[PDB]
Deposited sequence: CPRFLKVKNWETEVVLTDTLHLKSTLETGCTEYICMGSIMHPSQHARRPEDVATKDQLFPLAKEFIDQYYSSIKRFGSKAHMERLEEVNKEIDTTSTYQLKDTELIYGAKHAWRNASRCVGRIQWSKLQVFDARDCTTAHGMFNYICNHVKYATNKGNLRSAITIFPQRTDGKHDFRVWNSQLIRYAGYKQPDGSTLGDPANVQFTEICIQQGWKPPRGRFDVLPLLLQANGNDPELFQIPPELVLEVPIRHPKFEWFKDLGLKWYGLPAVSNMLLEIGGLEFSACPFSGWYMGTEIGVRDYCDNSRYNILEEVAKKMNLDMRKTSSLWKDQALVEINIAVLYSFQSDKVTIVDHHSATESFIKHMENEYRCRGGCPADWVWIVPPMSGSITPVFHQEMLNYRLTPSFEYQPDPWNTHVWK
């Protein structure tokens, strides 16, 4: 691999030089012959002693380099203490400092995240002392209340105990901490969020009494130490919601739409120094298009374009009237207006992509690069009028990292 790679911005002519890609670890999925850049996802199997030694050393070296203590006595002593741990116990425990550093860098390294200008302002909650699902519930409730902060949202992550043999995993079965239920009807229609029908049916099987509405917050389904998961209802006062109204169309409120304020991903795996944190829910704040374009206007989601177009009285007979595009904008205007009126942190796609360009440029200057997944970074509407559209990006995998993992109902051995 060459030592310098150049990326160009085609709107501004700015050229940046990437050297950080020389630290890339795992595979992208691509080869010299095929690019998998648009592929979304390109047991008791755990790291062995021989696999763990170099992964820990690499991480510890990186941590001590970051604190300007590389080669120091504390660096060599930490390396020796970790090596002894992996020898006698075939794993090791991170220090609180290293845990915080690793989590912030997994975010910093997350190539699909447009919000990384905030990466160093992450509140890390250490929940490695948790033993039961009730305790996981307590930790998640605290996370939610802290991150929500009455609408002045703060980014946060709660980290449950790492994987040991793979048969004792901590898992949040929810894909996100706050989601709305989906219900398949006998006639084939769906009520609520069609994306969540499978998980909703799991919750119902596990004992959840479904209120069968359009916006029913799903219960938490929480697995501690490999045991069967347990259901808990998030106290509704901790779930901040925003009714969606429009600054011009008085009728928009009559659509009865709302959404929750806190985007909190809970199905990903956090890898730090070869250790695997299978339950690491993290939350930030929404970019408006995640709600106004994807949640509301995906055909397989709430799919409200038709109804909004009708109330806008648009010609829905020709696609070339762009009635869909026209209604999409008004929906996203309403979502941003509703969050701002209620003083709930949200960012529009223009501000967020401009901030990301400034972040990426800083990372190139200070760090030697910034891995970025153009397919995910560019917003799902108005792409070319945002600056990221015109920005060439390089995508590669740095560790610490957030990774996908199998859905736990596909792997869990029921007690």
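A.B. asks: How would you list, in order, the spans of the deposited sequence that the model does not cover?
C.D. replies: Residues lacking C-alpha coordinates: just 43-48.
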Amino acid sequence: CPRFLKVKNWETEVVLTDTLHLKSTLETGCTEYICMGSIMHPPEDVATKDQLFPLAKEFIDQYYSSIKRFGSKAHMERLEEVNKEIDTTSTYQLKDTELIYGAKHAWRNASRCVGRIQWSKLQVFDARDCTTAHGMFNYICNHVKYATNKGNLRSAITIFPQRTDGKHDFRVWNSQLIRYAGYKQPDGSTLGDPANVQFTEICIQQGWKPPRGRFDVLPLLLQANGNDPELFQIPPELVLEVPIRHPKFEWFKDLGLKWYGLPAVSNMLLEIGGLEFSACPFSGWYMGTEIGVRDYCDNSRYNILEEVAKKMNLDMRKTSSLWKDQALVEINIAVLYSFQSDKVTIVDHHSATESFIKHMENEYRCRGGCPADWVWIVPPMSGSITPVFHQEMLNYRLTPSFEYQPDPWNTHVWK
From here on, numbers count along this sequence of modelled residues.
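Think of the rigid core as the biggest set of C-alphas that the two forms share within 1.5 Å after superposition.
A.B. asks: After superposing on the rigid core, which of 227-235 and 293-301 has its C-alpha atoms sitting farther from this form in 8 other deposited structures of this protein?
C.D. replies: Between the two stretches, 293-301 moves farther in 8 other deposited structures of this protein.
A.B. asks: Determine, for 302-310 and 67-75, which one has C-alphas that on average lie farther from this form in 8 other deposited structures of this protein; superpose on the rigid core first.
C.D. replies: It is 302-310 whose C-alphas lie farther from the shown form in 8 other deposited structures of this protein.
A.B. asks: State whether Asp45, though modelled here, is left unmodelled in a third or more of the other entries compared.
C.D. replies: In at least a third of the comparable entries (those modelling both sides of it), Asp45 has no coordinates.
A.B. asks: Identify the stretch, either 70-78 or 129-137, whose C-alpha atoms have the larger mean B-factor according to the entry.
C.D. replies: Between 70-78 and 129-137, it is 70-78.
A.B. asks: Between 44-52 and 383-391, which has the higher average C-alpha B-factor in the PDB entry?
C.D. replies: Stretch with the higher mean C-alpha B-factor: 44-52.
A.B. asks: Between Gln62, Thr31, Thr353, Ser38, where does the Cα B-factor run highest in the record?
C.D. replies: Each of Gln62, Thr31, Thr353, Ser38 was compared by C-alpha B-factor; the highest is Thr31.
A.B. asks: Which one of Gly273, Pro211, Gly151, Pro161 shows the top CA temperature factor in the record?
C.D. replies: Of the options given, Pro211 has the highest CA B-factor in the PDB entry.
A.B. asks: Determine, from the deposited record, the chain-internal third of the Cα B-factor for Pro186: lowest, middle or highest.
C.D. replies: Within its chain, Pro186 is a highest-third residue by C-alpha B-factor, going by the deposited values.
A.B. asks: For the chain shown, is the CA B-factor of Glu237 in the lowest, middle or highest third of its modelled residues?
C.D. replies: For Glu237, the deposited C-alpha B-factor lands in the middle third.
A.B. asks: Would you mind checking where the Cα B-factor of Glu27 ranks among the modelled residues of its chain, as the lowest, middle or highest third?
C.D. replies: Highest third, going by the recorded CA B-factors of the chain.
A.B. asks: C-alpha B factor of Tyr146, ranked within the chain: lowest, middle or highest third?
C.D. replies: Middle third of the chain for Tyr146's C-alpha B-factor.
A.B. asks: Grab the CA temperature factor for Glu98 from the record and place it in the lowest, middle or highest third of its chain.
C.D. replies: Its C-alpha B-factor, which the entry lists for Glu98, ranks in the lowest third among residues of this chain.
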